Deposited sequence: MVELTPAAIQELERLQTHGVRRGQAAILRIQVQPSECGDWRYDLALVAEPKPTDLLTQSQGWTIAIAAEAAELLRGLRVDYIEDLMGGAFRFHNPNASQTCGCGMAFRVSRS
């Protein structure tokens, strides 16, 4: 359902399982919300991929099926990056999107 680039994984050792959900946002409609968690909500959609579990929130499946997550330090600094095939628009930074109206 969802992938992470090896690059993201390792920024994820950074622990000084991952849970992707969305929240309403000013730029766009939805901004990704990322947490490191002890346990997936029981109804999350899980994927293995480089021995990590990825917890997609079920209500957001529609908004996230197919998602790609990468870490890049570029000229704006270091941040997770997102290639969401469901995004019909992403803000400038990539962390906010909107999908097409139903």
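Coordinate coverage of the deposited sequence is interrupted once, at 17-26, where no C-alpha atom was modelled.
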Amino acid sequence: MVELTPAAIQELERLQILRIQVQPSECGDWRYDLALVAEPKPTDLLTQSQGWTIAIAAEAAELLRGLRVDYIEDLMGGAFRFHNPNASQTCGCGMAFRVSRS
From here on, numbers count along this sequence of modelled residues.
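The entry lists a Cα temperature factor for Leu63 that places it in the highest third of the chain's modelled residues. In the deposited entry, the Cα temperature factor of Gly92 places it in the lowest third of its chain's modelled residues. In the deposited entry, the Cα temperature factor of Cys27 sits in the bottom third of values across the chain's modelled residues. Among the modelled residues of the chain, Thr53 sits in the middle third by CA temperature factor in this PDB entry. Per the deposited record, the Cα B-factor of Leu46 falls in the highest third when ranked against the other modelled residues of its chain.
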